[PDB]
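Participant: Provided herewith is a single structure, encoded as structure tokens, for subsequent inquiry.
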Amino acid sequence: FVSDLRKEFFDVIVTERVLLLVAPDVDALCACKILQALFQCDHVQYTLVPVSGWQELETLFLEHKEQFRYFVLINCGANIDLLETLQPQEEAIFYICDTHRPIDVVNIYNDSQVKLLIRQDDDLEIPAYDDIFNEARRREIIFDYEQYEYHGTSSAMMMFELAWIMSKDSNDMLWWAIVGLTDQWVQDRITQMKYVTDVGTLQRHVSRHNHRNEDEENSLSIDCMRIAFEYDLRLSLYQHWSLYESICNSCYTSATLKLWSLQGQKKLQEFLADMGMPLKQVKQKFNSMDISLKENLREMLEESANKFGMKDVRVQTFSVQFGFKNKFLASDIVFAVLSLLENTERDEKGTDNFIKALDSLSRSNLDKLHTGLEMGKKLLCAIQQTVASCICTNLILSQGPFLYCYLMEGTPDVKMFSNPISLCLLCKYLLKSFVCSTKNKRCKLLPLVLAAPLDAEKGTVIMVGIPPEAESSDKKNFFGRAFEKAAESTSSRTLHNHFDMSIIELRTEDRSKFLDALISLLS
Amino acid sequence: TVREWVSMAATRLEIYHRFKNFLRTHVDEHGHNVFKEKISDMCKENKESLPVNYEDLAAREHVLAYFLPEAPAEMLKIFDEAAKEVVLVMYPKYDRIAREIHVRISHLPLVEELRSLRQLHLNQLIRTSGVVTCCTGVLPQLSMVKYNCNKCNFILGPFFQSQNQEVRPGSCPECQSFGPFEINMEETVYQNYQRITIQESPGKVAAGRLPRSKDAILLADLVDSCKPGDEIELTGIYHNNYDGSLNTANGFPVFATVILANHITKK
Ligand SMILES: [Zn+2]
């Protein structure tokens, strides 16, 4: 509810000792980078400590409850009553900048410690204070208000706005804001219209900073960051590996052409023949292809996609060129950072995984970025193979209104999906591919509930669920509430450590009763 | 001579139009257009070879089906040009993946043996069978050589080369420097070459007689389509080539014979 940021947020903590708590997500990392830049520019001491879940958040708050007074939380601790759990003092002030829209009502109506930085111009239906705090009507409002868990605006955009108000905004901060927005887009947490509006805003800012002029941008030396707007294709990492593998391992092209089936492969070959590109060049690395073939690639690809039932093959995004050879796109950075955050070979030193992910975002650690790109390629290949295996062998069963799929222990590359973000990406990709493949009209508008063997020793399986796919979805998810109610009804042993209530753990023994109770509840 | 008749410009144009119509309009037993699918499969896998069955060609054009076995060179050249035009119409961008579409003739009604080939079969499309015994490696051969002129630094036009003689240069526009003519390696066009050796089948050879053998020449897509010790059905142009060494050896003027392979099928 904080209305002003130049006077109520920054000036309060200029001459104090701040403690930053950042959740593990790319948008949070970008916001943290911008905040660190501002703090280092204004000579403000701070301590940055990684926070993963609710239990770790509480423990880390208990560790430093005396050494610090002012606390800043990014992309965490806004959908729950932080005051009750943490039990803070009067002196302590908590600044919260999180994207979760179902904000806790108690934190909303409080002026002691919870100064929410969340923008009040967003689509948020705040219930009446008197109705909640002053009785069945209160329960009705509670159920009508906390039904879904749709996300909100990007934290990096708020940080960039804060920097802009102070006139301390550079190209490096604008790039981090762009990366945060594109991270939100990639995870499919915001609607298309909101993405277009945010892209327009960031385009206005880019046009402001990159004030092109004759003989001013020509005498301007290379190695200065130059962000530009580009209406580019919908392929993943297509400038690093070959075009063929990029087409075969994306999500739009793989689902539209049904590449998991042989007829899909034949249609892909017909598509490539229609484009007019030799199979030799297409399978080579993008940086070694012929110049003539790369002249008007976008237009020809769009046309040949239009012929083959592919319409949304072009999206609006940004680029960056800081030197002779370096040139990236926002989605490439998102994939690299995401891969570095969630690694199984580097399961040791998870805090060091976070450290490497944070370091990769600076222009002086490009090697870590390249390793992240390679890891992202491997992850994309793994999820594509897993989706194909699940669809071909018919491991998805329409158990009532919601679909249920379970990954077997012997399934290859199953350790990769124990991580939350990888599991969510697999779930969305699998749902889209199955919707494209199946012919049942009713099944095309059903949700998916995927599982994975989180821990073999304790017999715990991780569970996730996503809203049913639609042409224009609201991205609203009710799976957390239903999961909680079904857990209470069955007296199950479930944990909600993750900041997203849609992801919970579950014992193997309690699986069947939990599933049946969920079927009954959703009926 | 059929060669003279098919060499006529009007006859050439008529044959070209008939072949184009045959390629564009040839329904199957169920009415499906066979050549559409054939060209789609050829361009889908980046090939430059289109097979044509002799039976349906005879069914739709008896005049051309009779002309072909007597003048197999010019008729096949016209077929290649028509096929290229049709493919370019169907796939406008195929000029990148290929530069010349070849036509392969299948199911030729006449079948002969290596022991019954005489001078009657010279310069005619024949179909034999046998077992391969030798296969040389793939070597590059001059297809279209671009001779230059030292007197003016201007380079003469392309000059086609055949497998029977050595091509000689033409005439420069005004500075007639016939002698000082050379070849550049960056504008000349080459093609693959492979000379297999086929012999009579072990079972079909007469007990009293001994196995015979004939040489065959493979070019362009045909190379590496056979391995020594394989039973094949070879269709090609029976060709006569002079060999003075055999003349001196036998003591009588004799000429060597080779087969310019056109279609090879492995059984
Ligand atoms: Zn000359």
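In the structure tokens, the first chain shown is A, the next is B, and so on; residue numbers restart at 1 for each chain, and ligands run from 1 in the order shown.
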Within 6 Å of ligand 1, which residues of chain B come that close, and what is the closest atom pair and distance in Å for each? Count only C-alpha atoms and all ligand atoms and give it as a Markdown table.
Facilitator:
| residue | atom | partner | partner_atom_place_in_ligand_line | distance |
| --- | --- | --- | --- | --- |
| B:149 | CA | ligand 1 | 1 (Zn) | 4.4 |
| B:151 | CA | ligand 1 | 1 (Zn) | 4.8 |
| B:152 | CA | ligand 1 | 1 (Zn) | 4.2 |
| B:154 | CA | ligand 1 | 1 (Zn) | 5.9 |
| B:172 | CA | ligand 1 | 1 (Zn) | 5.0 |
| B:175 | CA | ligand 1 | 1 (Zn) | 4.6 |
| B:177 | CA | ligand 1 | 1 (Zn) | 6.0 |
Participant: Kindly save the residues from that selection, with N, CA and C atoms included, as a PDB file, in the first residue's frame.
Facilitator:
ATOM      1  N   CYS B 149      41.610 -17.132 -72.338  1.00  0.00           N
ATOM      2  CA  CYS B 149      42.465 -16.632 -73.409  1.00  0.00           C
ATOM      3  C   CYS B 149      43.513 -15.711 -72.804  1.00  0.00           C
ATOM      4  N   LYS B 151      45.596 -13.850 -74.429  1.00  0.00           N
ATOM      5  CA  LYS B 151      45.722 -12.617 -75.198  1.00  0.00           C
ATOM      6  C   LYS B 151      44.807 -11.512 -74.687  1.00  0.00           C
ATOM      7  N   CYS B 152      43.709 -11.862 -74.019  1.00  0.00           N
ATOM      8  CA  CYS B 152      42.727 -10.868 -73.595  1.00  0.00           C
ATOM      9  C   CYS B 152      42.247 -11.019 -72.161  1.00  0.00           C
ATOM     10  N   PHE B 154      39.995 -12.704 -71.090  1.00  0.00           N
ATOM     11  CA  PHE B 154      38.600 -13.113 -71.091  1.00  0.00           C
ATOM     12  C   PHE B 154      38.501 -14.630 -71.206  1.00  0.00           C
ATOM     13  N   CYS B 172      38.132 -17.486 -79.816  1.00  0.00           N
ATOM     14  CA  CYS B 172      37.958 -16.217 -79.131  1.00  0.00           C
ATOM     15  C   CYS B 172      37.355 -15.191 -80.092  1.00  0.00           C
ATOM     16  N   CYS B 175      40.761 -11.803 -80.771  1.00  0.00           N
ATOM     17  CA  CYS B 175      42.166 -12.176 -80.613  1.00  0.00           C
ATOM     18  C   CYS B 175      42.246 -13.699 -80.595  1.00  0.00           C
ATOM     19  N   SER B 177      43.850 -16.445 -80.016  1.00  0.00           N
ATOM     20  CA  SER B 177      44.914 -17.134 -79.289  1.00  0.00           C
ATOM     21  C   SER B 177      44.443 -18.537 -78.906  1.00  0.00           C
TER      22      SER B 177
END
Participant: Excluding stretch 122-136 of chain B and its own-chain neighbours fewer than 6 positions away, which residues fall within 9 Å of it when counting only C-alpha atoms? Please give them as a PyMOL selection string.
Facilitator: chain B and resi 68-73+108-114+194-202+213+224+226-240+259
Participant: Given the choices A:309, A:350, A:127, A:372, which gets closest to residue A:333 if the distance is worked out from only C-alpha atoms?
Facilitator: A:372
Participant: I need the residue nearest chain B from this list: A:47, A:269, A:523, A:99. Use only C-alpha atoms for the distance.
Facilitator: A:269
Participant: Each residue of chain A with at least one atom at most 9 Å from chain B should appear once, together with its nearest atom pair and the corresponding distance in Å (one decimal); atoms considered: only C-alpha atoms; ordering: chain, then increasing residue number; output as a Markdown table.
Facilitator:
| residue | atom | partner | partner_atom | distance |
| --- | --- | --- | --- | --- |
| A:266 | CA | B:44 | CA | 8.6 |
| A:269 | CA | B:44 | CA | 6.0 |
| A:270 | CA | B:44 | CA | 5.8 |
| A:271 | CA | B:44 | CA | 8.9 |
| A:272 | CA | B:44 | CA | 8.0 |
| A:273 | CA | B:44 | CA | 5.6 |
| A:274 | CA | B:91 | CA | 7.0 |
| A:275 | CA | B:93 | CA | 7.5 |
| A:276 | CA | B:93 | CA | 4.9 |
| A:277 | CA | B:97 | CA | 7.2 |
| A:278 | CA | B:97 | CA | 5.5 |
| A:279 | CA | B:46 | CA | 7.4 |
Participant: With N, CA and C atoms retained, could you export that selection as a compact mmCIF listing (two decimals), in the first residue's frame?
Facilitator:
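The resulting file, out20.txt, is shown below:
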# COMPACT_ATOMS: atom_id res chain seq x y z
N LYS A 266 7.59 -36.36 -40.63
CA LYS A 266 7.39 -36.17 -42.06
C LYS A 266 6.87 -34.77 -42.36
N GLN A 269 9.74 -32.38 -42.13
CA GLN A 269 10.57 -32.43 -43.33
C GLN A 269 9.91 -31.69 -44.49
N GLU A 270 8.59 -31.84 -44.64
CA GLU A 270 7.88 -31.08 -45.67
C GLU A 270 7.97 -29.58 -45.40
N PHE A 271 7.87 -29.18 -44.13
CA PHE A 271 8.00 -27.77 -43.77
C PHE A 271 9.37 -27.23 -44.16
N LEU A 272 10.43 -27.97 -43.83
CA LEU A 272 11.78 -27.54 -44.18
C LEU A 272 11.97 -27.49 -45.69
N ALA A 273 11.42 -28.45 -46.42
CA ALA A 273 11.50 -28.42 -47.87
C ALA A 273 10.76 -27.21 -48.44
N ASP A 274 9.61 -26.88 -47.85
CA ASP A 274 8.85 -25.72 -48.31
C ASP A 274 9.60 -24.42 -48.06
N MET A 275 10.33 -24.35 -46.94
CA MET A 275 11.12 -23.15 -46.66
C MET A 275 12.19 -22.94 -47.73
N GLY A 276 12.85 -24.02 -48.15
CA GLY A 276 13.88 -23.92 -49.16
C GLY A 276 15.27 -23.82 -48.58
N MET A 277 15.57 -24.68 -47.61
CA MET A 277 16.88 -24.69 -46.97
C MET A 277 17.42 -26.11 -46.98
N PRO A 278 18.67 -26.31 -47.42
CA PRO A 278 19.24 -27.66 -47.43
C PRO A 278 19.30 -28.25 -46.03
N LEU A 279 19.14 -29.57 -45.96
CA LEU A 279 19.19 -30.25 -44.66
C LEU A 279 20.57 -30.18 -44.04
Participant: Go through A:297, A:243, A:310, A:329 and flag the residue nearest residue A:183, using only C-alpha atoms for the distances.
Facilitator: A:329
Participant: Write out as a ChimeraX atom specification all residues of stretch 315-371 of chain A that DSSP puts in strand (DSSP E) for this structure's backbone.
Facilitator: /A:315-320,328-329
Participant: By how many Å are atom CA of residue A:392 and atom CA of residue A:249 apart?
Facilitator: 16.4 Å
